[PDB]
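**Student:** I need the structure of the sequence given here:
(one chain, ligands or ions: 2)
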Amino acid sequence: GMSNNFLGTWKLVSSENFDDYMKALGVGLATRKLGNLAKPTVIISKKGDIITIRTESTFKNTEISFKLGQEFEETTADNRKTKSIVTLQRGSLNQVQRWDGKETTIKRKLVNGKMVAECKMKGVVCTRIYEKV
Ligand SMILES: CCCCCCCCCCCCCCCC(=O)O
Ligand SMILES: [Cl-]
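**Tutor:** Numbers count the residues shown, from 1 in each chain. Ligands and ions are numbered 1, 2, ... in the order given. There you are, the coordinates:
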């Protein structure tokens, strides 16, 4: 299953094309202004087969808890109510969010010791890189 190298606390060190990713989700300017200035912290823990991903920022905190392959109700940082699933493809943690007939994905894979999150929406791609502490 999920490699134990995901487990721990991660810190954003790079974000590319985040403003345009938020634009695609319908995020307003003022909210985007703060989402760009945010340097979140992502904690990934595991209790049994239930994986938890927690995001901590001064602006918004979030937390999801799921079993791989099982749909679950999620409330996103921008307050979307999504029916989401997390799958594992070649050691990549791929999260899909569906709402209002729309859909976006967050793919998280480890690269040379760093967690790389790919955000995708209608051909708009954002790349966020985290370093472990
Ligand atoms: C915690 C980030 C604050 C941004 C709030 C503005 C609304 C945008 C929400 C989009 C969520 C994108 C998160 C990508 C996954 C990650 O980088 O861990
Ligand atoms: Cl922050």
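**Student:** How about stretch 119-133 and ligand 2, touching?
**Tutor:** No. Counting by CB under 5 Å from the ion, ligand 2 is not contacted by stretch 119-133; separation bottoms out at 12.9 Å. The way it works is simple: take the backbone N, C-alpha and C, and place the C-beta from them, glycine included.
**Student:** how far is that stretch from where the chain is centred?
**Tutor:** Averaged C-alpha coordinates place stretch 119-133 at 8 Å from its chain's average position (CA atoms, centre = their mean, to the nearest Å).
**Student:** Check stretch 97-112 too.
**Tutor:** The mean C-alpha position of stretch 97-112 is separated from the chain mean by 7 Å, CA atoms, centre = their mean.
**Student:** List the buried residues in it.
**Tutor:** For stretch 97-112, burial by neighbour count (16 or more other CB atoms under 10 Å) applies to 97, 104-110.
**Student:** Include secondary structure and distance to residue 71 when you put those into JSON lines, please.
**Tutor:** Converted to JSON lines, the buried residues of stretch 97-112 look like this (DSSP: H, G, I helix; E, B strand; the rest coil; distance: CB to CB, whole Å):
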{"residue": "97", "secondary structure": "strand", "distance to residue 71": "11"}
{"residue": "104", "secondary structure": "strand", "distance to residue 71": "15"}
{"residue": "105", "secondary structure": "strand", "distance to residue 71": "14"}
{"residue": "106", "secondary structure": "strand", "distance to residue 71": "15"}
{"residue": "107", "secondary structure": "strand", "distance to residue 71": "18"}
{"residue": "108", "secondary structure": "strand", "distance to residue 71": "18"}
{"residue": "109", "secondary structure": "strand", "distance to residue 71": "22"}
{"residue": "110", "secondary structure": "strand", "distance to residue 71": "25"}
